[PDB]
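The structure appears right after this line, and notes come after that.
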Amino acid sequence: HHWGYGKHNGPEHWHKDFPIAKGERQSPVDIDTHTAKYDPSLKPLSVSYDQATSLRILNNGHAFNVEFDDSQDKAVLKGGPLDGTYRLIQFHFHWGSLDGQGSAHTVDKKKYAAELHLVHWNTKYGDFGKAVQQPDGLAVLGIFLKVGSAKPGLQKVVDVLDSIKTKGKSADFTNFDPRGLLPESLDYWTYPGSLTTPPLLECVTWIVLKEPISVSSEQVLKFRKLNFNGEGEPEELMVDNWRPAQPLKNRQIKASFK
Ligand SMILES: [Zn+2]
């Protein structure tokens with residue numbers, strides 16, 4: 001029927017509604033660290049989030065999105081493998097039912113507890129909906145989360161979850177600073193790919209940071225308390241909302257470091 005993460009509508013089924021699921025530049029992938037090519041021509045990333053304006057947090061039935069005002073160049077990504085400026089539109093996570101799984105990307109087959117996606121769209125295309133139709137329309141920064149110490153900067157997000165527990169719910173979420181979610185180092189791997197959830201459009205330049213951030217066990221526990229279902233529908237915990245690794249096919253993963 002309609003896509004999700006269960007046994008009957010899970011990733012294995014998406015191709016029937018989204019044929020691009022078996023495309024040539026699908027994501028996520030396993031990052032083989034000994035095959036990735038160091039490319040010294042890649043520039044350091046440039047993250048400009050000082051003027052970021054968060055607006056709202058929404059449970060869309062597959063994850064929770066924090067949305068930003070993208071009507072101007074307030075929170076932008078540039079540099080790295082990118083040509084042009086990409087504006088931040090939303091961030092969201094992928095996580096597991098257990099600490100040993102949850103990330104979309106894997107590193108030498110290692111799965112992390114979660115993966116943060118900061119989604120950016122290429123301003124040359126004028127709006128997000130036009131950008132998804134272009135091979136270089138989106139830039140997604142991916143950050144792995146491992147369970148260890150708490151991440152102070154994530155607590156504001158953890159605390160509002162109770163208020164968007166079910167699908168369709170939203171809450172005002174102003175003045176959140178996404179800079180509190182970055183690791184210390186901006187070293188990354190990059191490859192051409194796609195969105196990891198339907199519509200799976202192949203319009204993404206992935207920028208995967210090498211350094212994971214730490215979250216506490218309690219923090220991740222609160223994610224697992226969200227629901228996939230809408231209010232007054234049988235309870236389905238929002239867990240394991242990650243697509244498994246796809247074939248690399250004819251692609252090369254470049255590294256910004258050695
Ligand atoms: Zn994602």
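Laboratory data are not the source of any read-out in this text; all were calculated from the coordinates shown. Here the Cβ positions follow ideal geometry from the backbone for every residue, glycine too, while neighbour counts run over all protein chains shown.
What do you get for Rg/Rh of segment 188-239 when both radii come from the Cα atoms and Rh is the Kirkwood radius? Write down the numbers at each step before the final one.
Numbers: Rg = 16.0 Å, Rh = 14.2 Å.
Computed over Cα atoms, the ratio is 1.13.
Among 206-215, 241-250, what's the highest-first ranking by average C-beta atoms within 10 angstrom per residue? Present the calculation step by step, with values, prior to reporting the outcome.
Details: 206-215: 21.0, 241-250: 17.0.
Result, highest mean first: 206-215, 241-250.
With unit charges on the beta carbon (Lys/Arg positive, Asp/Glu negative), name the residue among 104, 91, 34 whose Cα is farthest towards the positive pole of the charge dipole of the chain.
34
Starting from the Cα of residue 179, step 7 Å along the direction of its Cβ; do the same at residue 165; then give the gap between the two resulting points in nm.
3.6 nm
Which of 216, 185, 27 moves the most in a Gaussian network model of the chain with Cα springs under 10 Å?
Taking springs between Cα atoms under 10 Å, the residue moving most is 185.
What does the charge count around residue 34 come to, taking other residues whose C-beta lies under 15 Å from its C-beta (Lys +1, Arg +1, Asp -1, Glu -1)? Each step should come with its number before you reach the end.
Numbers: positive: 37, 109, 110, 210, 254, 258; negative: 30, 32, 108.
Neighbourhood net charge equals +3.
Can you check how the C-alpha radius of gyration of segment 162-258 compares to 2.2 N^0.38 Å, as a plain ratio? Display every interim value, and only then the final one.
Details: Rg = 17.2 Å, N = 97, 2.2 N^0.38 = 12.5 Å.
Normalised by 2.2 N^0.38 Å, the Cα Rg of segment 162-258 equals 1.38.
Plugging the Kirkwood radius over Cα pairs into Stokes-Einstein for segment 1-108, at a temperature of 4 °C and a viscosity of 1.567 mPa s, what D comes out in µm²/s?
Rounded to a whole number, D works out at 75 µm²/s.
I'd like to compare 29-35, 108-114: which one has the highest average count of other Cβ atoms within 10 Å, and what's the full order after that? Before the final figure, lay out each step's value.
Values: 29-35: 14.9, 108-114: 18.6.
The most tightly packed comes first, giving 108-114, 29-35.
Filter the cross-link list 22/43; 74/156; 37/109; 37/156; 165/210 down to pairs whose alpha-carbon distance in this structure exceeds 29 Å. List each step's numbers first, then the result.
Numbers: 22/43 31 Å; 74/156 21 Å; 37/109 18 Å; 37/156 38 Å; 165/210 31 Å.
The pairs that break the limit, which is 29 Å between Cα atoms, are 22/43; 37/156; 165/210.
Could you check which residue among 220, 107, 76 shows the biggest mean-square fluctuation in a GNM of the chain with a 10 Å Cα cutoff?
107
Taking 8 Å as the Cα distance limit and 6 or more residues as the minimum spacing, I'd like the relative contact order of the chain as a percentage.
Numbers: 628 pairs, mean separation 68.6, N = 258.
So the answer I get is 27 percent.
Considering amide H positions built from the backbone, and no H for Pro or chain starts, which residues 5 or more places from residue 188, or on another chain, come under 5 Å of its amide H?
210, 256, 257
Beta carbons within 10 angstrom, averaged per residue: use that to sort the peptides 54-60, 69-75, highest first. All intermediate terms of the calculation are to be shown ahead of the outcome.
Numbers: 54-60: 19.4, 69-75: 16.1.
With the highest mean Cβ count within 10 Å placed first, the list reads 54-60, 69-75.
Taking N as the number of residues in the chain, what is its Cα Rg relative to 2.2 N^0.38 Å?
The value comes to 0.95.
Tell me the mean residue ellipticity at 222 nm calculated for the chain from its helices only (DSSP H runs of n ≥ 4, each -39500 (n - 2.57), averaged over every residue, nearest 500). Mind dumping the intermediate values first?
Values: 3 runs with 17 residues, N = 258.
Helix-only estimate at 222 nm: -1500 deg cm²/dmol.
If amide H atoms are built 1.01 Å from N in the plane of the peptide, which residues on other chains or at least 5 residues away come under 5 Å of the amide H of residue 107?
It is 31, by chain and number.
Could you calculate the FRET efficiency of residue 98 with residue 12 from 1/(1 + (r/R0)^6), where r is the beta carbon distance between them and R0 is 22 Å, rounded to 0.05?
Values: r = 20 Å, r/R0 = 0.91.
The calculated FRET efficiency here is 0.65.
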